[PDB]
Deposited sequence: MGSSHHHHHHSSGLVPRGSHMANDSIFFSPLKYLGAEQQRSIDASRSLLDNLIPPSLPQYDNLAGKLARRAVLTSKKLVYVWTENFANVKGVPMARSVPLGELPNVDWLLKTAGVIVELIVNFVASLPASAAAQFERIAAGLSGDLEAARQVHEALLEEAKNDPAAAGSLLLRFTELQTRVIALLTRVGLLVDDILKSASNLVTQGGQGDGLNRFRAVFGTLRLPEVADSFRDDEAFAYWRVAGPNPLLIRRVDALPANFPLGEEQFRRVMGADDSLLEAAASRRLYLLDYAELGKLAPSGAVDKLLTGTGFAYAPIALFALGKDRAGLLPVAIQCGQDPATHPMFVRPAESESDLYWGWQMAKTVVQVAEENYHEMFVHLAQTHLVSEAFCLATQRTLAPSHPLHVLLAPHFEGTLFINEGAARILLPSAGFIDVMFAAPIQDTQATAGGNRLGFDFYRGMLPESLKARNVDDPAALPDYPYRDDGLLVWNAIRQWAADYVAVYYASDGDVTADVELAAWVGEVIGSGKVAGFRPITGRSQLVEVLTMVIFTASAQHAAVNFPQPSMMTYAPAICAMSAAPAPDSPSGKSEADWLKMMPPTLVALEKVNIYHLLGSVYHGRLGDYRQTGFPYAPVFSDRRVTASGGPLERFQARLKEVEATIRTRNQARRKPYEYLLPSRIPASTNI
């Protein structure tokens, strides 16, 4: 063959992954610098590297199933998950496959059992190799550099295993689809225990507590006057809250809180949506009022309107225990709210506002901040696995007949467009935790005492903020250093432009830079954790929450039966997909906020700059503060009606990778 083919003959992806892994340890010995403080050789090299980065990290707004959302055109080799994440994730998926196959009719399970057994054995073998390599490294630290190649080869093996897992899952889903009171909603769990919510789901106080301690703590807002389209009367309010209370005094005393799902748009179809796989489905854009008692101990649900127009949707009011003719209509109205909730939570709060925001910051960072830029060094750990998991969301979860088409009532094209639109409209500054709390008038613990997301979230927000401030102060001596940084300027430009981050604006000083970095890091780590990790314990049991109902909203508060409510429950296929996807997505904890070490071998420090890593220095102070936050949250959870554990720093990954 031609002599110019010589370099291509033996070139392969594994070899290149090894090179990428070793080069990253080597590059990381370069002391970080702002471009204006770098020497000319450094300026030349960093500009060359950034130009090459743009070949690898490429924007598109036409990615499959997420049209209009800025995405990576493809995931670079160096952005594939490391073997630690691959093993964890493969472990969970294989466990779930084995569990599901065990519940299938024996004849239909025979071949899947054998294949699943083989995959489980291969996974165990891979785990054993991982353990043996780690042991080798501990026993001979001097050989760590050469052992890295064996970890890269193990990565190849686990990638191959997960490819085989993918083929099996596709076959199992087809078989399941052909095959498939409340017993069926327990049966889909197989060997898995029901989540805690299965015990409490019909309780009204539990239902209200979701608004401040559930997967979507962002929608609830204080109201000073009821909306014109929510015509609840004084008599209705007194029936629930007492003869000596009133709407006027509850409003004035900051005791009224509203959930209004108007923003769902096409995620709340106007009527029935018939699909071949799942039959007739419905979802809703309801309005619900909650109130604190005069002692402010906790929220109670007061009233629910199952749609936006009161002319066509009657008012459901919380019934007394004796009012058996109102009991089931009320359960149905709460189900309407929970259906809206899964749509709002998963498509907006989780997918659009964590995952799809962090996608843009990852791409901008890699394309415009040199690897030797201190902000690249800081931010990159917070995007580990983000491009990969988001390509997975688009390719695997969002196509026709996939998990989201099954589990969410709307037509899949409407779901995609509405989630994408929500991402495009999400204002970066307004979406900051403190701004969100203030805008919704839920920031004052005197007004609303029990709001665990706020109280724990602010501890984590403020810890990150002080870290960002300390870190910025190491590199930027003044606002002039901020505006003179041409890489930061390009980064801001890419975030505004190609990244389509609403509300993003030029960064002109250190205080603003700190706020921006706080939000980027918080969004990647804590916010994602708070809205992702409740999935297994709160969202796996369909009668407590599901993004589709098999029946319309109740047409009357009076006269409904248990049968009427049961008709809202989803088909078994929806319940099966739900338990499995939500167990998976909340069962992989990879990396930890504040650790700042590689999450794969050789687990090296992220930071080489002695000013950052000094004893008692910025990083140590951040880590110490997170440990104080952990203690404070653990103490709070001893006093709370139920523990809220999603913002414990020990359970917050550094990045959005699941």
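Numbering the deposited sequence from 1, one finds several regions with no C-alpha coordinates, namely 1-23, 204-210.
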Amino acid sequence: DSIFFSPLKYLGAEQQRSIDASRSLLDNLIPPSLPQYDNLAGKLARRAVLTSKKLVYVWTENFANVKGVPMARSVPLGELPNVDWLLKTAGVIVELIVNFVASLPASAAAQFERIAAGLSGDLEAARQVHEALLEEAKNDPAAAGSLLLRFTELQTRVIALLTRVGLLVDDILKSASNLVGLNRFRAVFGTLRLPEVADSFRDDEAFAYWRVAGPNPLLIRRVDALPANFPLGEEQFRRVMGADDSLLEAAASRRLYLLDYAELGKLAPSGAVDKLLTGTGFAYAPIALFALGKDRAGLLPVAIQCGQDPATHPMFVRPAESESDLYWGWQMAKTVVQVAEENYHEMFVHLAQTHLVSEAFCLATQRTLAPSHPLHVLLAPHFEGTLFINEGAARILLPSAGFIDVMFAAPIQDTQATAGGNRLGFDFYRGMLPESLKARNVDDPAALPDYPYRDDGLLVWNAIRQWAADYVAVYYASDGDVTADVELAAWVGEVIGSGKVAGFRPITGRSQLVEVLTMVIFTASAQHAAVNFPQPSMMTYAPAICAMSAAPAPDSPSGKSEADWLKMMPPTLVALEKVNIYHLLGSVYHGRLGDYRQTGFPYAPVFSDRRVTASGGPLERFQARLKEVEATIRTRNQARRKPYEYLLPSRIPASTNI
From here on, numbers count along this sequence of modelled residues.
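Of the two stretches examined, 359-367 and 233-241, the record assigns the greater average C-alpha temperature factor to 233-241. As recorded in the PDB entry, 133-141 is the stretch of 329-337 and 133-141 with the greater mean C-alpha temperature factor. The top Cα temperature factor in the record, among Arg73, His528, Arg193, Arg440, falls on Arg193.
Highest C-alpha temperature factor among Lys174, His350, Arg395, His376, as the PDB entry reports it: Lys174. When all modelled residues of the chain are sorted by CA temperature factor, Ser246 is found within the highest third.
Ranked within its chain, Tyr476 lands in the middle third, by CA B factor from the PDB record. Looking at the C-alpha B-factors along this chain, the one for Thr415 belongs to the lowest third.
Per the deposited record, the Cα B-factor of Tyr644 falls in the middle third when ranked against the other modelled residues of its chain. Ranked within its chain, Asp405 lands in the lowest third, by CA B factor from the PDB record.
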